[PDB]
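One chain follows as structure tokens, the form deposited in one PDB entry.
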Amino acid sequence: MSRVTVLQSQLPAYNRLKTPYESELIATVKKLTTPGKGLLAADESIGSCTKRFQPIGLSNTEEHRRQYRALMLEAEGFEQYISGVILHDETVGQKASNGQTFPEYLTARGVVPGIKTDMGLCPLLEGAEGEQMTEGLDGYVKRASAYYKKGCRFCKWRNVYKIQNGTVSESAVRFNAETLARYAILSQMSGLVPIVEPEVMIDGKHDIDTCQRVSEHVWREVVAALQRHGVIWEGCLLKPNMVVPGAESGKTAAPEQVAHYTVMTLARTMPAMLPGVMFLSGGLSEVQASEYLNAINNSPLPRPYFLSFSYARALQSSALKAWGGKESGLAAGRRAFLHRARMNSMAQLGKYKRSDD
């Protein structure tokens, strides 16, 4: 019958995000998916450093926090293995030894500066007890734009899912998926490549199968929400958990099993265009983190995306102990740091050898 002239942008089929940063976002994703490189996640909260530093009797202060980060960021040669670093908000404004801001410093070393833009976990208040949402969308663009102006080119936002009794509430599944998808859009509009982090927590007694089933359900909805919001696929990354048995389940999965379940889960849910998957390491030992990624990278299952790491403790633990919080500890700390980074770089290439650890 009747015809009406509308904006094409009002049509469901024409909803892909329109951002003038498109091409630079893709260029950043190419940098972030450089073979044999991965990301250093150095976005730990101020708060967390208190516990972190106790073992090394380092007081949790702003300057000592800068020194902890500089331990890794000014470790000469890390660039060979790290393509970008997810910075904490505080660190963005900190200076390296030469006076440059960390973002300036990294960039000049060819490393992309990134920033954790989420505002933390809060009770979901829907769903099951212990479920949590993530805050930070309010005023997002203003924040992201100032980060961009400071040299950041990518960001990270984490939502969690807690397996309890073998399942998670649909409330969580949907709502957290929606939060991730909106964050990805606002990031892209702000000139930041969004790394979308839907972490199914390792916590619990559940088995690998449960972890598999829950991850596939959770991630499929994250994808469904990202398609609903029209994300630029070519310009985003995923940082999921690997599929492993629960922390207290009593069992440890062999590398090949982990690879099998992980790669399978991803392929079942992620669109083939997804450029890269940078795994989180939570709850894994420094060495498993590397062994697991290596096996992932030897999997015969479909995996068109770059598979690599985005690790925190798995790159830092040994380093911090050797460093011990002292200037005199830099060298040793840095050797441990570089070692881990190399092991993971090999792991990304599927050439890791446990003999090297």
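When you see a residue number, it is the position in the sequence shown, counting from 1.
Trainee: Return whichever of 6 to 14 and 330 to 338 has the greater mean Cα B factor according to the PDB record.
Mentor: Looking at the record's C-alpha B-factors, the answer is 330 to 338.
Trainee: Out of 276 to 284 and 236 to 244, which one has CA B-factors that are higher on average in the deposited record?
Mentor: Per the deposited B-factors, the answer is 276 to 284.
Trainee: Per the PDB entry, which option out of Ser48, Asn297, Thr28, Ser310 has the greatest Cα B factor?
Mentor: Top of the list by C-alpha B-factor: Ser48.
Trainee: Which of these, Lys37, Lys321, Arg69, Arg303, has its C-alpha atom at the highest B-factor, as the entry lists it?
Mentor: Most elevated C-alpha B-factor of the set, per the entry: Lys321.
Trainee: Check where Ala347 lands among this chain's C-alpha B-factors and tell me if it's the lowest, middle or highest third.
Mentor: It belongs to the middle third of the chain when residues are ordered by C-alpha B-factor.
Trainee: State the tercile, meaning the lowest, middle or highest third, of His229 with respect to the CA B-factors recorded for its chain.
Mentor: According to the entry, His229 has a C-alpha B-factor in the chain's lowest third.
Trainee: Mind checking which third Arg153 falls in for C-alpha B-factor across the chain?
Mentor: It belongs to the middle third of the chain when residues are ordered by C-alpha B-factor.
Trainee: Can you work out whether the C-alpha temperature factor of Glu178 puts it in the lowest, middle or highest third of the chain?
Mentor: According to the entry, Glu178 has a C-alpha B-factor in the chain's middle third.
Trainee: Rank-wise, by C-alpha B-factor, drop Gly84 into the lowest, middle or highest third of its chain.
Mentor: It belongs to the lowest third of the chain when residues are ordered by C-alpha B-factor.
Form deposited with a small molecule bound: not shown, discussed below.
Trainee: Is it the case that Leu293, even though its partner is missing from this view, gets within 4.5 Å of the small molecule in the deposited bound form, heavy atoms only?
Mentor: Taking the distances in the deposited bound form, the answer for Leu293 is no, it never comes within 4.5 Å of the small molecule.
Trainee: Contact with the small molecule in the deposited bound form for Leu58, defined as at least one heavy atom pair within 4.5 Å: yes or no?
Mentor: No, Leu58 is distant from the partner.
Trainee: I'd like to know if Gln188 sits close to the small molecule in the deposited bound form, meaning any non-hydrogen atom pair within 4.5 angstroms.
Mentor: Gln188 lies outside the contact set for the small molecule.
Trainee: Look up in the deposited bound form whether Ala312 has a non-hydrogen atom within 4.5 angstroms of the small molecule, and give yes or no.
Mentor: Residue-level check for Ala312: yes, a contact with the small molecule.
Trainee: Report the stretch among 325 to 333, 22 to 30, 294 to 302, 312 to 320 that approaches the small molecule in the deposited bound form to within 4.5 Å, counting heavy atoms only.
Mentor: Contact criterion met by 312 to 320 only.
Trainee: Which one, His229, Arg213, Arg158, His260, lies within 4.5 Å of the small molecule in the deposited bound form by heavy atoms?
Mentor: Spelling it out, the residue with a heavy atom inside the cut-off is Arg158.
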